[PDB]
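Colleague: Mind folding the following:
(chains A and B, ligands or ions: 2)
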There are 2 protein chains.
Amino acid sequence: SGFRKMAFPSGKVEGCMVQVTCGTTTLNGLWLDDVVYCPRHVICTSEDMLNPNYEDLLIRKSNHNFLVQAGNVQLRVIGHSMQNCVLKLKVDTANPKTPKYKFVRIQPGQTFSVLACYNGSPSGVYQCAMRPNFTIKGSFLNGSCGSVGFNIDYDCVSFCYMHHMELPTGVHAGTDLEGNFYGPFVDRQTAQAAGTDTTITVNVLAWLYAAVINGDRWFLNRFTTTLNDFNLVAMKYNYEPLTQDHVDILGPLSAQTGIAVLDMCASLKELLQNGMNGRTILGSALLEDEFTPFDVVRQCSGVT
Amino acid sequence: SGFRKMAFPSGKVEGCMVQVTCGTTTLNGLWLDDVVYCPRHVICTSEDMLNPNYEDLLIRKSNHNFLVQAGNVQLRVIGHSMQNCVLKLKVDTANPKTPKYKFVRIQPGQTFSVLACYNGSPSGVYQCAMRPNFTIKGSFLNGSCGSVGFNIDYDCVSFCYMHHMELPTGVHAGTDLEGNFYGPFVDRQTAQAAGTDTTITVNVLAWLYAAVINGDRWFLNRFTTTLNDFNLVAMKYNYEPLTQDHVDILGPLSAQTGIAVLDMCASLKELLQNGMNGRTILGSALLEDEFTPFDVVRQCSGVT
Ligand SMILES: *CCC(=O)N(c1ccc(C(C)(C)C)cc1)[C@@H](C(=O)NC)c1cccnc1
Ligand SMILES: *CCC(=O)N(c1ccc(C(C)(C)C)cc1)[C@@H](C(=O)NC)c1cccnc1
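Modeller: Numbers count the residues shown, from 1 in each chain, chains lettered A, B, ... in the order given. Ligands and ions are numbered 1, 2, ... in the order given. Sharing the structure here:
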């Protein structure tokens, strides 16, 4: 019993973190096999940030200009290339701690763990969700760039995020491991505003199922609804529309609790309309949306 | 910017988790040097749980009755002893991944990370606090016993908790690494009720400082208070009394934000009396108490 915002064990990713320095800029890199991946903005100086031409800035850089340190030992850079917004630094040594891995590009609403690092050293691990506006609400200070987001399936780490920047509103933007930003963001010091941060409806429902499994049942109402009626209310409350695909993925939680997905939607609809009335669900006074249906099943079943 | 419930990187602890089986009971063990630490209730059978006499149950156990598996390889048990509620199984092999470590007994209000494990394999990591009633609100399923709680200071892991059981209310109880339970709990299947789960006042204040540092300032009021006036309100709201020791440890946060500790107490007093009015602080609709002043400083400074 008990339901926590849980991150994946970070050991496999800790074994991949390195420090990357170019000139006077130092950030984090991800060392997998003989390649170190890092944000291309490591090549930017004190003011280049405003309107950088990365191809031009990169012409002035050679392999020896990128300093890669793994632990307290230096790695030899034998090649470098830019792929979208990431630099790939080929080193002469394969990372001996390289886990089985994949690079995946996640969809909004999908959750992942972040290993926040500074100077190639891990400071903490926390669980995030890719927001519907393609930002993440992380905890990142100066020097955290290059910290990565990931999911683990037994022994295979799927890297889905690399931290690049903080928007003027304090929310975060980054890329997949192929260097493509999530959302419309660009790696330059220009004012970039985020769109509406809507609530991930399918994740709230999954978390309401988690609450029922854990004994928190006060919110269960005597009503049902339809997807169309529910979505009219969801739109009004800035919740993402629920599709039949979302209903399908909530099926195992519906089966475990015996609560039809549309009945849980009606309970959620009443929570939106009536508020919590000072009550809490799983120790929260607001509806949590950073647990996917997969996360609820995983945590409630003890997948290792 | 951004403030997250962050756990310590778990790699150093993942390297210590093993599976311990005695008869038909399997739980987790912590392998440090040539000793495997695990809850003594691993020796209890299907019904022994009701009124176990551990000394008597242990007489029927020999070294070969404890099966310790690290990864997919078996460790040889060459000694066993009971220290309070933990068993210490001496093995013939020192754990090659033993980090620098300490065993500490924490006070209520102190936070720590938990690496939840099943069958000696890590499933997730989350941040907890030792509640003022000496329970923890964890996320633990059957087989999670032996999972540990810890803090890290650079390279030294201080182990502070080992999971033993779930109370009938779904809250958790365990011991320090010397086998002494936190609180009055006993390792037996008897109804044991927890005391009042009061709010850790010093931690709420630390988190209100974290919110100011991160731009969440709406709650800052035009008032101040005294420790005695604040505590009259704190007692009324089931908040722990604030001492001058708590004021002293909040000093660095008071200095960074320029907000006197007693002024933050007055803002907290108004939040208690007026409620949040549907507003949020650091994405929460309730006052968070599982961040210590040390955690706020660490996260806001990027300690690795
Ligand atoms: C890792 C660098 C860093 O801390 N940045 C940062 C600075 C500059 C840039 C470019 C404009 C792309 C050259 C990118 C990232 C911080 C930032 O975004 N400042 C505007 C940063 C601070 C806090 C959290 N993440 C990043
Ligand atoms: C790790 C065992 C387990 O899952 N228990 C458990 C069972 C029995 C006992 C004794 C009574 C001391 C012999 C202790 C622990 C669960 C439990 O506490 N059941 C009552 C358990 C379930 C969920 C979370 N933690 C533990």
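
Colleague: phi, psi of the residue lying closest to residue A:257 once chain neighbours are set aside?
Modeller: Once flanking residues are discounted, residue A:257 sits nearest to residue A:212: 4.9 Å by C-beta to C-beta, 6 or more residues apart in numbering or on different chains. Bear in mind the C-beta positions are built from the backbone N, C-alpha and C, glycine included. Dihedral angles of residue A:212 (phi, psi; degrees, to the nearest 10) stand at phi -60, psi -50.

Colleague: so what secondary structure elements neighbour the helix or strand that contains residue A:26?
Modeller: Assigned by DSSP states H and E, residue A:26 belongs to strand A:25-32. Helices and strands touching strand A:25-32, as assessed by 3 or more C-beta pairs under 8 Å, 6 or more residues apart in numbering or on different chains; DSSP states H and E, comprise strand A:17-22, strand A:35-39, strand A:66-70, strand A:156-166.

Colleague: at 10 Å what do you get?
Modeller: Counting contacts by 3 or more C-beta pairs under 10 Å, 6 or more residues apart in numbering or on different chains; DSSP states H and E, strand A:25-32 packs against strand A:17-22, strand A:35-39, strand A:66-70, strand A:86-91, strand A:100-103, strand A:111-118, strand A:148-153, strand A:156-166.

Colleague: The third one pairs with which strands, parallel or anti?
Modeller: Read it as strand A:66-70. In the sheet, strand A:66-70 lines up against strand A:17-22 (antiparallel), strand A:73-75 (antiparallel) (DSSP bridges).

Colleague: Is there proximity between the first one and ligand 1?
Modeller: Read it as strand A:17-22. No - remark: strand A:17-22 sits outside contact range of ligand 1, by C-beta under 6 Å from any ligand atom, the gap being at least 10.4 Å.

Colleague: what's the spacing between the residue of the stretch 201-304 of chain A found nearest ligand 2 and ligand 1?
Modeller: Minimum separation of the stretch 201-304 of chain A from ligand 2 (C-beta to the nearest ligand atom) falls at residue A:302, amounting to 9.8 Å. Residue A:302 sits 34 Å away from ligand 1, going by C-beta to the nearest ligand atom, to the nearest Å.

Colleague: Dump the strands paired with strand A:66-70 to JSON lines, plus mean neighbour count and distance to residue A:282.
Modeller: What follows is those, written out as JSON lines (neighbours: other C-beta atoms under 10 Å in any protein chain shown; distance: least, C-beta to C-beta, whole Å):
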{"stretch": "strand A:17-22", "mean neighbour count": "24", "distance to residue A:282": "32"}
{"stretch": "strand A:73-75", "mean neighbour count": "15", "distance to residue A:282": "44"}
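
Colleague: closest one to residue B:80 among the ones you listed?
Modeller: strand A:17-22 (38.4 Å; C-beta to C-beta).

Colleague: thought residue A:231 was touching residue A:241?
Modeller: Yes - counting by C-beta atoms under 10 Å, residue A:231 does reach residue A:241; the two are 4.9 Å apart.

Colleague: Disregarding flanking residues, what is the spatial nearest neighbour of the residue of the stretch 101-250 of chain A found nearest ligand 1?
Modeller: Nearest residue of the stretch 101-250 of chain A to ligand 1: residue A:145, at 2.7 Å (C-beta to the nearest ligand atom). Distances taken as C-beta to C-beta, 6+ apart put residue A:27 closest to residue A:145, at 4.2 Å, once the chain neighbours are dropped.

Colleague: now residue A:85
Modeller: Among residues not flanking residue A:85 along the chain, residue A:179 sits closest, at 4.3 Å (C-beta to C-beta, 6+ apart).

Colleague: residues contacting that neighbour?
Modeller: For residue A:179, the contact set (C-beta atoms under 10 Å, 6 or more residues apart in numbering or on different chains) comprises A:37, A:39-40, A:82-88, A:162, A:164, A:187.

Colleague: ChimeraX command for the buried members of the residues you listed?
Modeller: The ChimeraX selection below is limited to those of those classed as buried (16 or more other C-beta atoms under 10 Å in any protein chain shown):
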select /A:37,39,40,82,85,86,87,88,162,164,187
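
Colleague: now, among the contacts of residue A:179, which is nearest to residue A:217?
Modeller: residue A:162 (40.5 Å).

Colleague: Next, the contact list for that closest one, please.
Modeller: Applying C-beta under 10 Å, 6+ apart to residue A:162 gives the contacts A:28-30, A:37-39, A:85-86, A:103, A:145-149, A:174-179, A:181.

Colleague: One more pass at 8 Å, please.
Modeller: When contacts are counted by C-beta atoms under 8 Å, 6 or more residues apart in numbering or on different chains, residue A:162 touches A:30, A:37-39, A:86, A:146-149, A:174-177.

Colleague: same question, residue A:155
Modeller: Contact analysis of residue A:155 by C-beta under 8 Å, 6+ apart lists A:12, A:99-100.

Colleague: and the residue of the stretch 101-250 of chain A closest to ligand 1, that's in a strand?
Modeller: No - read with DSSP: H, G, I helix; E, B strand; the rest coil, residue A:145 is coil and lies in no strand.

Colleague: ok, it - how many residues close by?
Modeller: Using other C-beta atoms under 10 Å in any protein chain shown, residue A:145 has 25 neighbouring residues.

Colleague: before we move on, what about residue A:196?
Modeller: Counted with other C-beta under 10 Å, residues neighbouring residue A:196 total 8.

Colleague: Quickly note the distance from it to chain B.
Modeller: 16 Å (C-beta to the nearest C-beta, to the nearest Å).

Colleague: that older thread, ok, of the contacts of residue A:179, which one's closest to ligand 1?
Modeller: Nearest to ligand 1 among the contacts of residue A:179: residue A:187, at 4.0 Å, using C-beta to the nearest ligand atom.

Colleague: Would you confirm that the closest one contacts residue A:41?
Modeller: Yes - counting by C-beta atoms under 8 Å, residue A:187 touches residue A:41, with 4.9 Å between them.

Colleague: any shared contact partners between these two?
Modeller: Common contacts of residue A:187 and residue A:41 (C-beta under 8 Å, 6+ apart): A:52, A:85, A:164-165.

Colleague: out of those, who's nearest residue A:276?
Modeller: residue A:165 (34.5 Å).

Colleague: need the helices for chain A, in chain order.
Modeller: For chain A, applying DSSP state H gives helices covering A:11-14, A:54-59, A:201-213, A:227-236, A:244-257, A:261-274, A:293-301.

Colleague: Kindly reformat these as JSON lines containing distance to residue A:111 and mean neighbour count.
Modeller: Below are the helices of chain A laid out as JSON lines (distance: least, C-beta to C-beta, whole Å; neighbours: other C-beta atoms under 10 Å in any protein chain shown):
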{"stretch": "helix A:11-14", "distance to residue A:111": "16", "mean neighbour count": "23"}
{"stretch": "helix A:54-59", "distance to residue A:111": "30", "mean neighbour count": "13"}
{"stretch": "helix A:201-213", "distance to residue A:111": "8", "mean neighbour count": "24"}
{"stretch": "helix A:227-236", "distance to residue A:111": "20", "mean neighbour count": "16"}
{"stretch": "helix A:244-257", "distance to residue A:111": "13", "mean neighbour count": "16"}
{"stretch": "helix A:261-274", "distance to residue A:111": "19", "mean neighbour count": "20"}
{"stretch": "helix A:293-301", "distance to residue A:111": "6", "mean neighbour count": "19"}
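
Colleague: Let's have those helices in JSON lines, adding distance to residue B:67.
Modeller: Putting the helices of chain A into JSON lines (distance: least, C-beta to C-beta, whole Å) gives the following:
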{"stretch": "helix A:11-14", "distance to residue B:67": "24"}
{"stretch": "helix A:54-59", "distance to residue B:67": "57"}
{"stretch": "helix A:201-213", "distance to residue B:67": "32"}
{"stretch": "helix A:227-236", "distance to residue B:67": "51"}
{"stretch": "helix A:244-257", "distance to residue B:67": "32"}
{"stretch": "helix A:261-274", "distance to residue B:67": "43"}
{"stretch": "helix A:293-301", "distance to residue B:67": "24"}
